[PDB]
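Protein chains get the first letters and strands the later ones, always in sequence-line order, with residue 1 at the start of each.
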There are 4 protein chains.
Amino acid sequence: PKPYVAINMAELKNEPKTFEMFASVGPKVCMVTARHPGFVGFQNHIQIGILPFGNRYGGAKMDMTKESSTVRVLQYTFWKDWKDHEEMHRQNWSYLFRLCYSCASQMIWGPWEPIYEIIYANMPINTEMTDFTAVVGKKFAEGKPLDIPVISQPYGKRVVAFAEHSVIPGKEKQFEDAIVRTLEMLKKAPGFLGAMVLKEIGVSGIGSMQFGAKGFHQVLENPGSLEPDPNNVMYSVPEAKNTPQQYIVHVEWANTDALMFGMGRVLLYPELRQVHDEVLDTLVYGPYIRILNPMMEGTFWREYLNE
Amino acid sequence: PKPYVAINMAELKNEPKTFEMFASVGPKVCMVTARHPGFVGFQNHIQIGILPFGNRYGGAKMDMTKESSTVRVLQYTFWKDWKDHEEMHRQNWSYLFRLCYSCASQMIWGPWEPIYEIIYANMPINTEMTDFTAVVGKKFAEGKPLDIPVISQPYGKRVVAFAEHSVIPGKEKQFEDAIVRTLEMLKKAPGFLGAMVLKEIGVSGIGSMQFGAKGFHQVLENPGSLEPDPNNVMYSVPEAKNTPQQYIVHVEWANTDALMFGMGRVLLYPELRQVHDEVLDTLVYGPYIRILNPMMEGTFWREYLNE
Amino acid sequence: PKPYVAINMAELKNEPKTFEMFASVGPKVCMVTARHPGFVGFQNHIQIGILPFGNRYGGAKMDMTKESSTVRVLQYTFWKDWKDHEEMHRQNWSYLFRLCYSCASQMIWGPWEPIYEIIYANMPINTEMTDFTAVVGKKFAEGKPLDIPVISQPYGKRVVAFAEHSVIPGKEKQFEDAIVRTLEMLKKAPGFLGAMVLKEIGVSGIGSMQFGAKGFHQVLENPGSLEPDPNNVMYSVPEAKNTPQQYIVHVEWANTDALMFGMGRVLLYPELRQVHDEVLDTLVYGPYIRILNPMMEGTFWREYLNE
Amino acid sequence: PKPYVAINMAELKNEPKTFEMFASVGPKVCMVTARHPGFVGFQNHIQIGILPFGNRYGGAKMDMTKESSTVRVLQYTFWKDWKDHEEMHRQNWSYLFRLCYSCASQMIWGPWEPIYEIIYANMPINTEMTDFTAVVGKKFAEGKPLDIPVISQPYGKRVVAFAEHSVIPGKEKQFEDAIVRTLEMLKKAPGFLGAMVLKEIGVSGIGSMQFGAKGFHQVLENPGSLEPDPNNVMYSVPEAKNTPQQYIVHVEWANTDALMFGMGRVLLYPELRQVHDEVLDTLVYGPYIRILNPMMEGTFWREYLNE
Ligand SMILES: [Fe+3]
Ligand SMILES: [Fe+3]
Ligand SMILES: [Fe+3]
Ligand SMILES: [Fe+3]
C-alpha cells in the first residue's frame, strides 16, 4: 500500500567532518527508527546540485558538489501511518535527540521535517545489476513478464529530480490531475526509473526541533545528554500544513543526462508540453528542481509500496 | 506613515562577477523603481552570516562571507500602497525584466518576492557620524531633545538581525502582542538601532517571475531582450499569502557583537526572557536569524516612515 | 512515419566559451523549436573526428577533439512536413534570431541548413542500459520478441558515422538501390545501432541566414536585438537543391572501433564489397565520413519514426 | 551434495613480497591439493576490511587495505568428506610442507585450519557477465526459468561478509533454526549473491602445523626442505572442536554498499529484525563481520554443491 513519507531536511557544512558523522551517526538513527513496527523503510539523499533550466538558474549546475560550501540532506522515512512517525520519535526520544543533537557542530539550517501523503506512485523495487537475471526468470516463471521492472540500482547508483511546487488555492485538483497525466507520459523517456507525487499534510514539530519556550531553552542550553520535553511541542502535524498547498514531484533517473533531457521531455515534446502546461498554470511557486543522490536507503520501502 | 515592504530574495554565486553585476545593474533597477510616485525608498542587504545560537547551528557563524560559495540578497523596497509595487513592475516591465534577467548567469535560486505590512516600527532616520552635531542643534532649537535619535549609519556601516518566524494558526494575536512587548524592552540594549515587525500579506508573482505556462516558457526561452507577458501572472498578491502566517522581526545593531549579545538579552535577562517566552510558545518555525549587511539603500524611506 | 530532417551545420572555435554557449543557448533554441506542432524531435551532434580510411586521410583520426582548433556541429531537427520547419522559423523569428545570433562571437562558418527527405530508415528507439529488462518483458508479453531492439544509448553514449555522398546525374536510382542493399547487409556487423539515408531536397535560406541585400545588411549591422526581415529570403527550399544530388548515409555504432570495422565490413567482406562497389560507381564526391557524437537529443523522434 | 570446508587462516605482512608469493606459491599449493579425488574446489579470500556496525568498531572500515600493516587470508578448500582433506595433506606432505613453509618470511600468525560442515547453503554457480545470455537460453530451453541464478562474478568481482559467531552451550538448535530463517528472508536484499552457514567440526592439526614436541622442533629447525613427521600430530580433527560452538555465516554481495545495507536489513526491516533477534539471544561471541575479497577460486565447487 502507499506509505506516508516524512522528509527530514537540513543544511550542513560541506566538509569531511560532516560526512564522517553521516557515517557514524546516520546508521544509528536509522536503527532507532526501525524500532517502530510502522516503519517500512527509508531513502536518504544528499543534494548534489540544481537543474539550471537552460540559464534560468545560470549560476547552478547539476553537480555543484566540488564548489559548494554546504550540503543539503533530505532524509525520507516511510510509515504505514503518519502517526507512527510521531509515536516513534516520542517513544525513542532519549536515543534520537542525543544522536541528532550530535550533528550540531556541522549544522547551518534545520532540521525541518514536513510530512507527506503519496497521491501517485509508479516506483519499482530496486535491483543491482547482478539481480536482473533471476528477476526475469521468476517473472517469466510466474507468467508475469509485464511485471519485470527497469533496473533501478540502489545505494547512490542513480539520481533523483526533486521538483518543488506550491499551488494556487483552489487549483489543487487541476494540479493533481495534470501532474499524473504528465508523469504517465513521462515514463516513456529513456532512463526513467519511476515517479511519485508527495502532497504535504503537515510538519512534525518534534522532528523539526520546534518546541514551545520550555523546549527551545532546553535545546539551546543542552550539553548533549539531556532531552528537551518532547511534550512541549505546541502544534499537531496538520496544524502546520502550508497553504498554498505544497507538493514534491519526485522522479528517478539512470543518470544526470537522462534526468536533464527526460525531465526536459515535458518542454520539448509538443504533445507532452501541452499537458504539462496545465500543471504550470496552477503554480504559486516552482518548479524548482534539486538534483539528489539517494546514497543510503532501506530498499524494502518499495516492497511495502508494491504489495 | 507606515509603508508596505516588498522583499526580493535570491541566492547567487559568491564570486566577483556577481558583485560586479550588483554594481552595474543594481543602480539601474533602483532608478527604474523610482519612476513610480508610490516608491518611498529601499534598503538592499546581503546576508553575511547566520546567528549560531550557541552551537544550535554549530556550522554557522555571524560572518561566513569568506567561506560561503553563495550570496543571498534581500532587497527591500518600500511603497505607500502595496499595489504601487505591482503597478510599478507592470508599467516598467520592459526595462525591469531585461535588467533583472541580466543576473541570470549568476543565479542559483529566486527571485522570490513576498510583500509585507509593517505592524510595528521603531526605526530612526539614518545619519552619518558627521551629521550628529547639526541634528542635536536642530532638535534642541525646536525644543525636542527627546527626538534626538541614536546614530544609525547608512551604507554598510551597521548590521541587521533578520529573524524569521511562522506562527501557529490562531496564535497570531498572541505573537504580535508579545513580540511588540519584547521589542519595546529590547530597545534598552547597547547599540540598538531600531526594530520593525513585518507581517506577510502575499507574494508578487511578477516580482518572483512566477507566471502561468505561457510566461514560464517565455522566461526559459528568453534571449534577454523579449518580455514575458506580464498579464500571464495567474495569482493576486493575497492569494499567495502563507498559512502558517509568516513574520520577519527586523532589528538593527551597531555591530555584530552588539547584535549577538543584544538579541541575546531576550535569553539572558530574566525579566525579558519571561516576556519573550510568550513569543516562543506561538511558533511553528523559528526563530532563524540571518545576519545582514544593508549595503545599498535609499535612506529617505525612514523619512516617510517618521512623518 | 518518416519525418523530414533539417540539419543545421556550423563551425565554431573549439574553446570552453563555445561549449558554455551550447549549454545556455542550445536548450533555449530547442524549446522554441518545440513550439510548433509539426516538430517531432531532434538529434544534435558535435563532430569528434574523421574516418581516415587507412591513410587516405592520414592527417585525420576518429577523435581529433584534443588537437582541433574548431568544432563542427550538425543539429538535426525532425519535422512531420518540411514546410513545418520553415513555418516554425518564421513564426518564432524574434526569439530564434536573437538566440542564434548570440553564438556570433564563436562562429567561423555557417550556419548552413539543408533539408532532407528520409528514403530509407532502420533506426531503433533509444534506451538506457537500465531500460532493457522492461523492454524485453513488454515485447515478450505482447508476443513480439522480434521487436526487441539493440540497446542504442542516448546522450553521447554511442557514435555516428556521417557519410557524405554526391551522385552523378542519372545514377540516383542506382545509388539508392545499392545503398539500401548495402545497409540491409551492414546491419549484421557487431555494434550496429541503426542506419538511415537522407536525400537533400533543398536548403532553408532563413535557417542559413541567407537573405537578399536588405536582410544581409540587417544581419551584419545587428546589435543582437533586432530581427532581419524574415520575408527577405529570396529563394524557396527546393530552389536551392543541389545537383549533383547529395545524400547523407547516417549509421550509428556502439563505439568507434565498432564503427571503424563495421563500416569497414563493406570493404573487407567480399560479398558485401561487391554490393557496395555498385554504390561507389555512382559517385561524384565521397564517401567522406565524419565521426559524430550525438550529445543532446529529443529521443522521441524515433517514436514518431517507428509508429 | 554439501561438501565439507577446511578454512586455512593466516596473517601476513601487507607488502608486495607477500602478494608476489601468493602468485608463485598459491597456484602450486592448489595444484597439489587437486591431486586428491575428494577435492571439489576452493575459494581463497583476502580480508579487505571489517564491518564497523555504525561506530561500534569506529576504527574500522570496510576497506582498510591502504592503511593496514597486515593481510589476513582465509583459504577455503571443499571436500567430499572432511577425511579427504586429512588424507590429502598426508599423502602430499613433502610437496605441501615445502611449499607452505616458503611463506615463512612473511608470516605473523597462523596457519590455523578449522574444518566445517555446511548446515545450510543457498549458493549459486558463478558466472561472468559474458555468460548470462547462454545461461538464460539454456534454462528456458529446459523449461526451468526458476533455475536462472543471479550473476555472481568470480575472481575478485564481488565481496563476502564473513560473520563469526559462537553460541551458548545448549542454544545451538535455536541458533541454527533462527539463522536459517534469517538467511531465507535476507535473500530479498538487492545484490544478494548467496549464503551458507558453516558449523565447526574440528581443527586440522596438520594443516595448522600443530604437532607434538618432535614436529614442533622440526618446524622451528627447518631449512625448508625437510618434512616434519606428519604422524606427530597428537589430536584428531574432532578432538579440537570448540565449545562454545563456533559458526561462520558466509554471505556474498554484489559490492560493499550492497553488503553494508543488505546485512543491515536484519537491523533496519522490523519483520527481519524480530527474527534475527532470536539469533542474537544465543551468542557468546559476535557477530563480528570481516569483509573478504574472493580473489582466487575454483568455481566448480558450486557445481558439486548444486548437483
Ligand atoms: Fe522524523
Ligand atoms: Fe519588486
Ligand atoms: Fe532550422
Ligand atoms: Fe588444508
Practice problem: Show your working on side-chain contact (heavy atoms from CB on, under 4.5 Å) between A:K28 and D:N55 and close with a plain yes or no. | Solution: CA-CA 9 Å; A:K28 293 179 145 168; D:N55 73 344; 2.6 Å; yes
Practice problem: Indicate yes or no for a side-chain donor-acceptor contact from A:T133 to the backbone of D:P149 under 3.5 Å, with no hydrogens or angles considered. | Solution: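 Indeed, once roles are kept as given, a pair shorter than 3.5 Å links the two residues.
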Nearest 0.5 Å, what's the [atom1]-[atom2] distance between [X] and [Y]?
X: D:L193; Y: A:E128; atom1: CG; atom2: CD; result: 9.0 Å
X: D:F140; Y: A:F140; atom1: CZ; atom2: CZ; result: 5.5 Å
X: D:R273; Y: A:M31; atom1: CZ; atom2: CE; result: 7.5 Å
X: A:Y155; Y: D:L259; atom1: OH; atom2: CG; result: 10.0 Å
X: A:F300; Y: D:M185; atom1: CZ; atom2: CE; result: 11.0 Å

Practice problem: Evaluate the ring planes of D:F261 and A:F42, with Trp represented by its six-membered ring, and classify them as parallel (under 30°), tilted (30 to 60°) or perpendicular (over 60°). | Solution: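 D:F261 and A:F42: tilted rings.
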Quiz item: Most heavy-atom pairs under 4.5 angstrom with chain A, which of D:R265, D:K139, D:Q153?
Solution: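 Most heavy-atom pairs under 4.5 Å with chain A: D:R265.
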Quiz item: Looking at D:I148, D:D257, D:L267, D:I151, which has the largest count of heavy-atom pairs under 4.5 Å with chain A?
Solution: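 Maximum pair count with chain A is reached by D:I151.
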Exercise. Side chain from CB out, backbone as N, CA, C, O: work out which of these in D:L272 comes under 4.5 Å of a heavy atom of chain A, or both, or neither.
Key: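 No part of D:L272 comes within 4.5 Å of chain A.
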Quiz item: Checking heavy atoms, do the side chain of D:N255, its backbone, both or neither come under 4.5 Å from chain A?
Solution: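 The side chain, not the backbone.
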Quiz item: So what's closer than 4.5 Å to chain D heavy atoms on A:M295: side chain, backbone, both or neither?
Solution: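 The backbone, not the side chain.
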Quiz item: With a 4.5 angstrom heavy-atom cut-off, which part of A:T299 approaches chain D: side chain, backbone, both or neither?
Solution: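 Just its side chain gets close to chain D.
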Exercise. May I ask you to check whether over 12 heavy atoms, not counting those of D:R56, lie within 6.0 Å of atom CZ?
Key: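 It does not: D:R56 CZ has 12 such atoms or fewer within range.
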Self-check item: Other residues, nucleotides, ligands: >12 heavy atoms within 6.0 Å of D:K157 NZ
Solution: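 Counting neighbours around NZ of D:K157, more than 12 heavy atoms of other residues, nucleotides or ligands fall under 6.0 Å, so yes.
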Quiz item: Testing A:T127, A:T130, A:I125, A:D131 for side-chain contact (heavy atoms from CB on, under 4.5 Å) with D:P190, which one passes?
Solution: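 That would be A:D131; it is the only one of A:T127, A:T130, A:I125, A:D131 passing the side-chain contact (heavy atoms from CB on, under 4.5 Å) with D:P190.
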